[PDB]
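Novice: One structure coming up, written as structure tokens, with questions to follow.
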Amino acid sequence: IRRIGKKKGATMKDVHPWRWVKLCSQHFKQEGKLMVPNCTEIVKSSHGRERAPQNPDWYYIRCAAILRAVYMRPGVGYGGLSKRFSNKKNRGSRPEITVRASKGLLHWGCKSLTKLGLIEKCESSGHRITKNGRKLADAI
Amino acid sequence: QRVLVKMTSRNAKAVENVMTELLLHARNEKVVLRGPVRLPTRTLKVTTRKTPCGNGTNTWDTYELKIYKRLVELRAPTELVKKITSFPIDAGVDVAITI
Amino acid sequence: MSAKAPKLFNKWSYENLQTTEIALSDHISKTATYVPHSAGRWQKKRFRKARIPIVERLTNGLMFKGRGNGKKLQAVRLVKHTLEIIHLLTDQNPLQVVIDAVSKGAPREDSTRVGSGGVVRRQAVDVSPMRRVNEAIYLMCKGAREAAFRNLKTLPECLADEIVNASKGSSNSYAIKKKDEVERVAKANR
Amino acid sequence: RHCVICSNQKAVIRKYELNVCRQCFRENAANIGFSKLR
Amino acid sequence: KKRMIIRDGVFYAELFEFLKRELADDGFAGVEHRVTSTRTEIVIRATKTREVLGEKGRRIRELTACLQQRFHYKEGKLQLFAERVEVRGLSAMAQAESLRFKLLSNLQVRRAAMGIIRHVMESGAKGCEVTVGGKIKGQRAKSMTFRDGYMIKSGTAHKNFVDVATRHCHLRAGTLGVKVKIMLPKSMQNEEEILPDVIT
Amino acid sequence: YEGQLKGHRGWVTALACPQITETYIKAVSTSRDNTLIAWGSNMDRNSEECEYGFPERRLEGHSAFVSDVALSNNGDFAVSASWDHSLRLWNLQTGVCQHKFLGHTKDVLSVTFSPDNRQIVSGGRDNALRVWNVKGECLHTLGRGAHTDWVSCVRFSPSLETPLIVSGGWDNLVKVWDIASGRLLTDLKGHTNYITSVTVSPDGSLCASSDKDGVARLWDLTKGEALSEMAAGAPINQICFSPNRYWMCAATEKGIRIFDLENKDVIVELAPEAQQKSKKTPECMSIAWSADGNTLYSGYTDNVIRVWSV
Amino acid sequence: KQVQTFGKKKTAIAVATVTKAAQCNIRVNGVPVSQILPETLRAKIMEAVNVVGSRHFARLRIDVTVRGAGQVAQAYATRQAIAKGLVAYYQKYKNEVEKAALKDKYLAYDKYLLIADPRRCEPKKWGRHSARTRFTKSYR
RNA sequence: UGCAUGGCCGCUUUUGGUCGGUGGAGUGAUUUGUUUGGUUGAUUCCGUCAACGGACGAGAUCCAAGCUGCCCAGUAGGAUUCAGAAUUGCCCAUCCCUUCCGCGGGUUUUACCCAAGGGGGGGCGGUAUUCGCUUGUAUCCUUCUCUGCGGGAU
RNA sequence: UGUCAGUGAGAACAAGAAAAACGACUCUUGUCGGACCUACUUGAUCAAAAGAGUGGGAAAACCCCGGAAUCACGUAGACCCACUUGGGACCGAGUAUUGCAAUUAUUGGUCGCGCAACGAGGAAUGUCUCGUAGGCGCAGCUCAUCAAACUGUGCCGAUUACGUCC
């Protein structure tokens, strides 16, 4: 492993591959974007970036944790049931992305459902995160 | 492969008479003896209302069992295992295994 | 070196500070720790609560009223901001302003019910040192919650406002008015 | 469900850990090896 | 396993209850069982071992047969033995049965209980207690105590030393309760909580 | 006085200095807070407000208090009798364990080294006098059933012409044993209370054994007979012999005194302080002669080791 | 040159592996110290190392594996296992004098060092919820 | 029908309370023991007395938690090298420093600061990561774990 | 509601405890696998609910035996002092799942109504002094099926008092 948490994985490993991936297309954009991504919304899926805060991160989780997928990988999914029926709030996940995200890894920086690196492209291209921000970073 | 002996019992001082004492017979005498330290001891906890009616202070109990699982290991006895498992007869729920 | 002997909040220095009152000096102590975040056992004995600074005590009693409130770490996030605000407003080290405000917002005399005969009677009763500290803290940080309760637009800033006006003796502050009105009964009746 | 040491089916059936001893209460009907010490 | 221990509990329960009812006033203490590998000894603790066996031998094989027909056991996997318990005094349940017999014969409560007390406290017991609640009047539900020697109810240790029996007597007007305790002079933990001794 | 070692957090029960060791000047002493301290004399200018030396290492971690410690003859190791099951040869080079010697179910009272680095001797409250080698195999365990009670202290004879070990007792004996055959040699008796300590002078022909009565029986090991007694007049907490003299200078619960076979009484009596029992209640629990044998370091009830000169 | 110590506070155990360095900036888990997402806990873990020489005695390579309680208690446990490791190193490889200096200053500066803070939990009991506030009263 | 009753549970009562033998006192019901004082959660203690010597509850024995020794390893988890993936960060900072020392400059002096060299330590590469599967390939161990039995103060 | 704060995203990270076996099939000279869970992959060239196949376990094995809430976050997110984008309770339409039988049983689901209440709430009254109170989540329990309940474990974790007897 190598990916995530070596550059600050929370907010300084995300925006940089995001820019690069939208600038030249790579990952899935399949219809289903509008549909509920996180439990019991009263709003739309998000204000902007419906399924473009997702894809590399959903590779990252499975990478460093070795073959967490489809039921384990929603482990680092979310759901609080933040609106509820006046009972004690409980955790959930929405399966929608699981299918698409186990498809993903066969292209771009990972190989297979057993081996999750190639040259580990994301790491190498993320070495310029530290050097210079692309967001006007506070710490750079 | 290597044969192991797990002895599962409700009570201590039944299993004790098995492991310590009657493994001496298999210690280097016919096979070699690798002692680890026995597996974690489960509790079976049950909670029972004391009162047989709806008027009390709504009291309850805590009842517990110990489950002693005593594991000691040997290095491949075959046909010798017959001796090993015929040794304890000293309490009920003494059960032994052979791989 | 340079964090061995030196002690900071992260830029705020404890050399500057002086205890403002001479009534209080064993219930007001100086900070050395870089966050007021607690992790110890803070009470076990009648005085063991005065071994520690006003900062820590204040930040712990900052707010309550749980519903999913983030407690200590959340409080510390507001502490940081409020110190910066107080700094540029007084043009002076924020810590030393806190030292002042806790002392000068405290009621120093009280009067109590203690009479009998189907009736009450009031006498001038001096406030003890630890009580001046504690009472002041609670009143200041009560004010905060009430100010943001449905009102203002301000999140940390109300704390900074209160701590300033308290140190000035100005009667804007929630703590000051209490000292005032109590003493108008406790030095007008003995 | 139903019980096998009464036929009452009411006054509550334990089926926890595959036993019934609450259609005949276990305080009265002990010697199952359980004890209370804590 | 989890289930082993529970099922052993079940087996003991059923067994113990069957005997303690239908075989009684023999000085029945109880039963004890242990395995000898694909056979179970199942010794039967009685003061009088002759009734257990039978003088026609019918009793012992009846009791084997009942167990077999219930649990699907066969011969050579199941056996029943007798054991001679000396001093009926030191068995709670046994004294309980003899007392029950006195009362059903319509003998005086006082006289009856005094028999038990005499017997027990002769063999060197620390104390005994006979608490007979129930009818003796009407119109009360009167409770009579008889307390002898000394007895402890402190700790959880007491429970091991002191064995207890509760039984019923069924008479005209209805039920009479009976209870017997008896603190043994011999520990079953080999432990005391009082008297520091000095070895001289 | 002439420097002091003030670094302890618990009672100095037993102090040990080179007298069978000629390697370095290091001392080793038993703290009673579940640690063992290994000192050395390093800097002294013999002034009160300066130290006699610095701690070399601290050998740490036990379930219970240390009893006594002995320096290895040239091994640079420190063997410990411990009120826990463990008996550890330790190291003074690295400060950490060499090997654990476990033969004891009730805990070690006294350890010492043979004058050649060879045998370890472990007393105990087992009532077992064990001859271990230094390897960590138990070579033998002595008995004729002679021990009925605790082995108070053990001191090898510095003569190995006949291999001997001189053990005390709480059975009110001093038992000399021929090591080789595990045979009980002549019992030396008449002690009216339990032995506090048993030491042997450098010639190996004279053994000073003590008791709680406050008298020291001087014993010929050569004949198994008795010489003239030295009477302290107070309970003996430690008894020793100088390397370069025959001066006993026994420790007592009033201080350290200067005893010898010349007078068998004080030359001077060195009190640890004035108004002892109206202050800190000091007693001298142990005395360790230096390699010089002209300085005597006293252990204490108090958390200090003091220098005392003759 | 090595030593291995542990922190313990609450149900979090920390394991401090020390491996000889004379530089290395101290880190934790898979995420080093400048990338620890809670700034507050980061600061806690800093005071361990910072005080008693910032990088003057803090030069050993110390990385940890901490599991068994929430984020906060893990950060506590971290501090403990770090300082423990320093101390034990300076015991074995170095004289008691240096250790005494270091240690005494640790002890002074409000953690204590020595204490596991081993105040755990309450049992839940009866017929009652937590420690008493009952159900709520019946009249009396 | 719980006002026919057995057993069980609740409460009185979460407090320190309870009872008999022999002797003393009173016609008796009763009392003394079980009592002025101090101490303690405690009829817990010391002292005193027509009480003397006793039995229960309390205490203690038990169960769990915190620290630890011994047991101690194949489903508990680490250590080093072999191993290759991978990184070897110079695109906005970690080749540049620290310590000790010597000399020359900018200072009238002080504070402050610049240059050069000697000795010493490794730092980014002689310490490089992390993989809880690369489950690969080598080596070693019991700190982290675990359970039984013992240590540890009123 | 501004002291998760309301809708969005991402990071790091927890502990007891539950589970399996039917005279039902097949197997032989005396007999083995199906009513428990979780893993993995299809369930997205197009939703959720939900379908199915492979794989392991009698548990320190169950895939790392243990994870997503309280929390952290300035990623320069969105809302922003309103009964709203704060809250749900009523109400209609659709569908799948469970069962011997559903009649909102189903309910982890869609998407309406929210502009329906309610703005810390009179008198009165409850209970705790420390890892406690308070805040938060998970499992067990009951059992065709549902937990605002009960029981147990864990996480975040104070203020005041440590006195008197009114």
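Novice: Give the range G:96-113 a look and list any residue that's buried (at least 16 other Cβ atoms within 10 Å of the Cβ) and acidic (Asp, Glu), or say none.
Specialist: G:96, the sole residue that qualifies.
Novice: State which residue pairs qualify: first residue under 16 Å from residue B:7 (Cα atoms) and inside the range B:24-38, second residue part of a loop (DSSP other than H, G, I, E, B) and within 11 Å of RNA strand H (Cβ to nearest atom) in any location, beta carbons under 7 Å apart, and separation of 6 or more residues or different chains.
Specialist: Between residues of the range B:24-38 that are under 16 Å from residue B:7 (Cα atoms) and residues that are part of a loop (DSSP other than H, G, I, E, B) and within 11 Å of RNA strand H (Cβ to nearest atom), the close pairs are B:34/B:75.
Novice: Let me ask another. Evaluate the range B:2-10: report whether one residue or more is assigned to a loop (DSSP other than H, G, I, E, B), within 8 Å of RNA strand H (Cβ to nearest atom) and within 11 Å of the chain's Cα centre (by Cα). Spell out the reasoning first.
Specialist: Filtering the range B:2-10 down to residues assigned to a loop (DSSP other than H, G, I, E, B) leaves B:2-3, B:10.
Checking the rest, the ones that are also within 8 Å of RNA strand H (Cβ to nearest atom) come to B:2.
Of the ones still in play, those that are also within 11 Å of the chain's Cα centre (by Cα) are none.
Looking for residues that are assigned to a loop (DSSP other than H, G, I, E, B), within 8 Å of RNA strand H (Cβ to nearest atom) and within 11 Å of the chain's Cα centre (by Cα), one finds none in the range B:2-10, hence no.
Novice: Taking the residues in the range A:5-28 that are buried (at least 17 other Cβ atoms within 10 Å of the Cβ), of a type outside the set (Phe, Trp, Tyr) and under 21 Å from residue A:100 (Cα atoms) as candidates, determine which candidate is nearest to the chain's Cα centre (by Cα).
Specialist: Checked the range A:5-28; the qualifying residue nearest to the chain's Cα centre (by Cα) is A:14.
Novice: When you go through F:25, F:37 one by one, which is the residue that is touching a residue at least 24 places away in the same chain (Cβ under 8 Å), within 14 Å of another protein chain (Cβ to nearest Cβ) and of a type in the set (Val, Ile, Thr)? Please lay out each step first, then the result.
Specialist: Values: F:25 fails: within 14 Å of another protein chain (Cβ to nearest Cβ).
The unique qualifying residue is F:37.
Novice: State all residues of the range C:169-190 that are under 16 Å from the mean Cα position of the chain (by Cα) and surrounded by 16 or more Cβ atoms within 10 Å (Cβ to Cβ); if no residue qualifies, say none.
Specialist: Matches in the range C:169-190: C:173, C:174, C:175, C:176, C:178, C:179.
Novice: Of these, A:31, A:50, which one is acidic (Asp, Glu), without any contact (Cβ under 8 Å) to a residue 24 or more places away in the chain and surrounded by 15 or more Cβ atoms within 10 Å (Cβ to Cβ)?
Specialist: Values: A:31 fails: surrounded by 15 or more Cβ atoms within 10 Å (Cβ to Cβ).
Every option except A:50 fails the conditions.
Novice: Oh, and also: So if I check each of C:100, C:110, C:91, C:126, which one is away from chain G (no Cβ under 14 Å), among the charged types (D, E, K, R), more than 25 Å from residue C:47 (Cβ to Cβ) and more than 16 Å from RNA strand H (Cβ to nearest atom)?
Specialist: Values: C:100 fails: more than 25 Å from residue C:47 (Cβ to Cβ); C:110 fails: more than 25 Å from residue C:47 (Cβ to Cβ); C:126 fails: more than 25 Å from residue C:47 (Cβ to Cβ).
Just one listed residue meets the conditions, C:91.
Novice: Could you list all residues from the range G:42-57 that are part of a loop (DSSP other than H, G, I, E, B) and more than 7 Å from every other protein chain (Cβ to nearest Cβ)?
Specialist: Of the range G:42-57, the ones part of a loop (DSSP other than H, G, I, E, B) are G:51-57.
Correct list: G:55, G:57.
Novice: Right, something else. Checking the conditions here, which among B:43, B:78 is exposed (fewer than 13 other Cβ atoms within 10 Å of the Cβ) and touching a strand residue (DSSP E or B) at 6+ places or on another chain (Cβ under 6 Å)?
Specialist: Working: B:78 fails: touching a strand residue (DSSP E or B) at 6+ places or on another chain (Cβ under 6 Å).
Going through B:43, B:78 in turn, just one is exposed (fewer than 13 other Cβ atoms within 10 Å of the Cβ) and touching a strand residue (DSSP E or B) at 6+ places or on another chain (Cβ under 6 Å): B:43.
Novice: So, in the range G:39-57, exactly how many residues are over 15 Å from residue C:73 (Cβ atoms) and buried (at least 21 other Cβ atoms within 10 Å of the Cβ)? It would help to see each step written out before you state the result.
Specialist: To start, the set of residues in the range G:39-57 that are over 15 Å from residue C:73 (Cβ atoms) comprises G:46-57.
Subset that is buried (at least 21 other Cβ atoms within 10 Å of the Cβ): G:48-49, G:51-52.
The total comes to 4.
Yes/no matrix, rows are residues, columns are (1) within 15 Å of the chain's Cα centre (by Cα); (2) hydrophobic (A, V, I, L, M, F, W, C):
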{"site": "G:74", "(1), (2)": "yes, no"}
{"site": "G:105", "(1), (2)": "no, no"}
{"site": "G:124", "(1), (2)": "no, no"}
{"site": "G:131", "(1), (2)": "no, yes"}
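Novice: Out of all the residues in the range B:28-63, which are within 17 Å of residue G:127 (Cβ to Cβ) and among the charged types (D, E, K, R)?
Specialist: Of everything in the range B:28-63, those that are within 17 Å of residue G:127 (Cβ to Cβ) and among the charged types (D, E, K, R) turn out to be B:45, B:49, B:50, B:61.
Novice: If you don't mind, another one. Mind checking which residues of the range G:74-95 are surrounded by 21 or more Cβ atoms within 10 Å (Cβ to Cβ) and among the small types (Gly, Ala, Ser)?
Specialist: Passing the criteria: G:75, G:77, G:81, G:83, G:85.
Novice: On to the next question. Output the residues belonging to the range F:69-90 that are in contact (Cβ under 8 Å) with a residue 24 or more places away in the chain and assigned to a loop (DSSP other than H, G, I, E, B).
Specialist: F:72, F:73, F:74, F:75, F:76, F:83, F:86, F:87, F:89, F:90
Novice: Looking at A:90, A:55, can you tell me which residue is more than 14 Å from chain G (Cβ to nearest Cβ), surrounded by 12 or more Cβ atoms within 10 Å (Cβ to Cβ) and either within 16 Å of RNA strand H (Cβ to nearest atom) or of a type outside the set (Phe, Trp, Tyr) (or both)? So that I can check it myself, show each step before the final result.
Specialist: Values: A:90 fails: surrounded by 12 or more Cβ atoms within 10 Å (Cβ to Cβ).
Sole residue among the options that is more than 14 Å from chain G (Cβ to nearest Cβ), surrounded by 12 or more Cβ atoms within 10 Å (Cβ to Cβ) and either within 16 Å of RNA strand H (Cβ to nearest atom) or of a type outside the set (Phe, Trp, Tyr) (or both): A:55.
Novice: How many of the residues in the range F:20-40 are crowded, with 20+ Cβ neighbours inside 10 Å and not charged (D, E, K, R)?
Specialist: Here the count works out to 11.
Novice: Of the residues B:80, B:39, B:23, only one is within 16 Å of RNA strand I (Cβ to nearest atom) and either within 21 Å of the chain's Cα centre (by Cα) or more than 14 Å from chain D (Cβ to nearest Cβ) (or both); which? Quick ask: steps written out before the conclusion?
Specialist: Values: B:80 fails: within 16 Å of RNA strand I (Cβ to nearest atom); B:23 fails: within 16 Å of RNA strand I (Cβ to nearest atom).
After applying the criteria, what remains is B:39.
Novice: Same structure again: Check off (1) within 14 Å of chain D (Cβ to nearest Cβ); (2) in contact (Cβ under 8 Å) with a residue 12 or more places away in the chain; (3) hydrophobic (A, V, I, L, M, F, W, C) for residue B:53 and give me the number that stays unchecked.
Specialist: Here residue B:53 clears every test but (2).
Novice: Also, I was wondering about something else. Among the residues of the range G:104-136 satisfying the criterion of being more than 9 Å from every other protein chain (Cβ to nearest Cβ) and among the hydroxyl-bearing types (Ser, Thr, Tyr), which is farthest from residue D:36 (Cα to Cα)?
Specialist: G:106
Novice: Please find, within the range C:1-49, the residue that is nearest to residue C:132 (Cα to Cα) out of those that are of a type in the set (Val, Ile, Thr) and within 13 Å of chain G (Cβ to nearest Cβ). It would help to see each step written out before you state the result.
Specialist: Kept after step one, since they are of a type in the set (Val, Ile, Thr), are these residues of the range C:1-49: C:19-20, C:22, C:28, C:31, C:33, C:35.
The next check asks that each one be within 13 Å of chain G (Cβ to nearest Cβ); those that pass are C:31, C:33, C:35.
Details: C:31: 19, C:33: 24, C:35: 24 Å.
Step by step, filter the range C:1-49, then rank; the result is C:31.
Novice: Within chain D, track down each residue that is within 11 Å of RNA strand H (Cβ to nearest atom) and closer than 23 Å to residue B:43 by Cα.
Specialist: At the first step, the residues of chain D found to be within 11 Å of RNA strand H (Cβ to nearest atom) are D:24-30, D:35-38.
If the condition is that a residue be within 11 Å of RNA strand H (Cβ to nearest atom) and closer than 23 Å to residue B:43 by Cα, then D:25, D:26, D:27, D:28, D:29, D:30, D:35, D:36, D:37, D:38 are the ones that fit.
Novice: Can you pull out every residue in the range F:53-68 that is assigned to a loop (DSSP other than H, G, I, E, B) and within 14 Å of chain G (Cβ to nearest Cβ)?
Specialist: Quick first cut of the range F:53-68, residues assigned to a loop (DSSP other than H, G, I, E, B) only: F:61-65.
Passing the criteria: only F:61.
Novice: Would you pick out the residues in the range G:23-42 that are farther than 16 Å from residue G:81 by Cβ, more than 12 Å from RNA strand H (Cβ to nearest atom) and over 15 Å from the mean Cα position of the chain (by Cα)?
Specialist: Matches in the range G:23-42: G:37, G:38, G:39.
Novice: While we're here: Residue by residue through the range F:225-280, note down the ones that are closer than 17 Å to residue F:307 by Cα and polar (S, T, N, Q).
Specialist: F:238, F:242, F:252
So that you can scan it fast, the table gives a plain yes or no per residue for (1) part of a loop (DSSP other than H, G, I, E, B); (2) hydroxyl-bearing (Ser, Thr, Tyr); (3) within 14 Å of chain C (Cβ to nearest Cβ):
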residue	(1), (2), (3)
G:3	no, no, no
G:16	no, no, no
G:37	yes, no, yes
G:69	yes, no, yes
G:74	no, no, yes
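Novice: Only one of these conditions is not met by residue B:71: (1) in a loop (DSSP other than H, G, I, E, B); (2) in contact (Cβ under 8 Å) with a residue 40 or more places away in the chain; (3) within 16 Å of RNA strand I (Cβ to nearest atom); (4) under 28 Å from residue D:37 (Cα atoms). Which number is it?
Specialist: Failed condition: (1).
Novice: A further question follows. Checking the condition surrounded by 14 or more Cβ atoms within 10 Å (Cβ to Cβ) and within 14 Å of another protein chain (Cβ to nearest Cβ), which residue from B:3, B:18 passes?
Specialist: Working: B:3 fails: within 14 Å of another protein chain (Cβ to nearest Cβ).
Among B:3, B:18, only B:18 is surrounded by 14 or more Cβ atoms within 10 Å (Cβ to Cβ) and within 14 Å of another protein chain (Cβ to nearest Cβ).
Novice: Right, another one. Here are some conditions: (1) out of contact with any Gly (no Cβ under 7 Å at 6 or more places or on another chain); (2) away from chain F (no Cβ under 14 Å); (3) within 14 Å of RNA strand H (Cβ to nearest atom). Residue G:81 meets all but one. Which one does it not meet?
Specialist: So the condition that residue G:81 fails would be (1).
Just so you know, all these numbers are worked out from the coordinates, no wet-lab data involved. Note that each Cβ is placed from the backbone with ideal geometry, even for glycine, and that neighbours are counted across all protein chains shown.
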